[PDB]
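A short worksheet on the structure shown next.
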Amino acid sequence: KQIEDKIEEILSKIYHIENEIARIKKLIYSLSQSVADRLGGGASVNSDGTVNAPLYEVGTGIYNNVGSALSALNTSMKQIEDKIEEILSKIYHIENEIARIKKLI
Amino acid sequence: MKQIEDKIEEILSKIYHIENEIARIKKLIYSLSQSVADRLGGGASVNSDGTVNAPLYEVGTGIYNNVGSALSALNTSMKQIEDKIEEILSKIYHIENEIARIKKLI
Amino acid sequence: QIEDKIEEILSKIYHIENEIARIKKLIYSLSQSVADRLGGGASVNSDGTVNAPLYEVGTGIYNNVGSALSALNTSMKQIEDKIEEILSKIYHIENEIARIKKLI
């Protein structure tokens, strides 16, 4: 009689815990999908809740993670900065040659 | 019977422990979400539903809600810059050749 | 039959403990996949969270994607500024060259 009230409580709890477990699994997968969405690049969700590879294009390179794409951008930017540095130096020299010519003619 | 009363109390205690563990797991998921928001940056944050709210990444005059589109905008911008540099190198080529010719005539 | 009901309860609890262990594994697996997608040395923390990446842009050091993107955006703007300057310098150089050619 009274022991039975306890058994029914326990079974009720187990039922609700099983619901909580199913809800937690759904939450995890929803989090996974949100991560795939904010990574972009075609990243998607596997059945094990992991996020599979995006395809990020930088120049003629393809990359499966943000760091490698950022690094490819960074390298290209540095090459451009170097070239800009060279151009600016060349233009300085050209200005000097013109100033010299203008003086002498 | 005492022994079954006592077993049932132990089971109820086990259930309480399990409920505590489920609560801890939920907190773990939300802490993971927060860390992902932090690592994405761009003002990303955790939704009440545990998902990560979109970042806002600026590239030039665009705003982007995901890393791939932002990388793509940067890659385009970079190509545009490279093409402008090429044009500049051509202008310099011709200017240098003019200056060499002027130097002949003086 | 109370002992049978207890047996059934303990069985359901066994399964729940298994699903909890499975759930923890899922969380740490997701975290690892996020670390892999971020790159930059990001890793899974003992506590389940993603330890920060390290991204280099220019002379700088960044621990999140947005800051690195912003640093790249700003470097591009700075380059555009230098292009502005170069075009202006070219404008003036060409004008001076044209004037010299009228005078020699």
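Chains as they are written, first to last, in the authors' numbering: chain C, 227 to 331; chain A, 226 to 331; chain B, 228 to 331. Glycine residues also receive a C-beta, built at the ideal position from the N, C-alpha and C atoms.
Asked: Cα-Cα separation between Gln259(C) and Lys232(B), rounded to whole angstroms; Found: 41 angstroms
Asked: Distance between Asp308(A) and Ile324(B) (C-alpha atoms, nearest Å); Found: 25 angstroms
Asked: First and last residue of the uninterrupted beta strand (DSSP E) at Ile288(B); Found: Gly287 to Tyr289
Asked: Selected residue, minimal CA-CA separation from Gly287(A), among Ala298(A), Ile306(A) and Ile240(A); Found: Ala298(A)
Asked: Every unbroken beta strand (DSSP E) within the segment 266-306 of chain A, with a cutoff of 3 residues, ordered by chain; Found: 282-284 and 287-289
Asked: Three-state secondary structure assigned by DSSP to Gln228(B); Found: coil
Asked: Residue from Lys304(A), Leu296(A) and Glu283(A) with nearest C-alpha to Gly268(A); Found: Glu283(A)
Asked: Per-residue burial, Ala295(B) [other beta carbons within 10 Å of its own, 16 or more giving buried]; Found: buried
Asked: Neighbouring residues, chain B, relative to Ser256(A) (Cβ below 8 angstroms); Found: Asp274, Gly275 and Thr276
Asked: Among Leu281(B), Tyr255(B), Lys251(B) and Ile250(B), the one whose alpha carbon lies nearest that of residue 177(A); Found: Residue 177(A) lies beyond the range of chain A shown here (226 to 331); nothing can be said about it.
Asked: CB contact flag (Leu265(C), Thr276(A), <8 angstroms); Found: no
Asked: Outcome for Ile331(A) when other beta-carbon atoms lying within 10 angstroms are tallied against a minimum of 16; Found: exposed
Asked: Cα-Cα separation between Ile247(B) and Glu234(A), rounded to whole angstroms; Found: 22 angstroms
Asked: Members of the segment 234-265 of chain B near chain A, C-beta cut-off 8 angstroms; Found: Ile236, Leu237, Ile240, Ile243, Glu244, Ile247, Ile250, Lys251, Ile254, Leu257, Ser258, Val261 and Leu265
Asked: Rounded Cβ spacing between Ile250(B) and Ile250(A) (contact assumed at less than 8 angstroms); Found: 6 angstroms
Asked: Per-residue burial, residue 369(B) [other beta carbons within 10 Å of its own, 16 or more giving buried]; Found: Limits of chain B in this structure are 228 at one end and 331 at the other, which puts residue 369(B) out of reach.
Asked: Residue from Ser270(C), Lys328(C) and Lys227(C) whose Cα sits closest to the Cα of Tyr255(C); Found: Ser270(C)
Asked: Interface flag, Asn322(A) vs chain C, CB-CB below 8 angstroms; Found: no
Asked: is_contact[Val292(B), chain A] using C-beta, thresh 8 angstroms; Found: yes
Asked: Minimum Cβ-Cβ distance from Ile306(B) to chain C less than 8 angstroms; Found: yes
Asked: Contact check, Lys316(B) vs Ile317(C), beta carbons under 8 angstroms; Found: yes
Asked: Presumed contact (8 angstroms Cβ cut-off) between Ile236(C) and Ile243(B), rounded CB distance; Found: Between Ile243(B) and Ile236(C) the Cβ distance is about 12 angstroms, and since that is not below 8 angstroms, they are no contact.
Asked: Partner residues on chain C for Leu330(B), Cβ-Cβ distance less than 9 angstroms; Found: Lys328 and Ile331
Asked: CB contact check: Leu299(B) to chain A, cutoff 8 angstroms; Found: yes
Asked: Rounded straight-line distance, which links the Cα of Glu321(A) to that of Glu321(B); Found: 11 angstroms
Asked: Min CB distance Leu281(A) to chain C below 8 angstroms; Found: no
Asked: Three-state class that DSSP yields for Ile240(C) in the structure shown; Found: helix
Asked: Whole-angstrom C-beta distance between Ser302(A) and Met303(B), which should lie under 8 angstroms; Found: 5 angstroms
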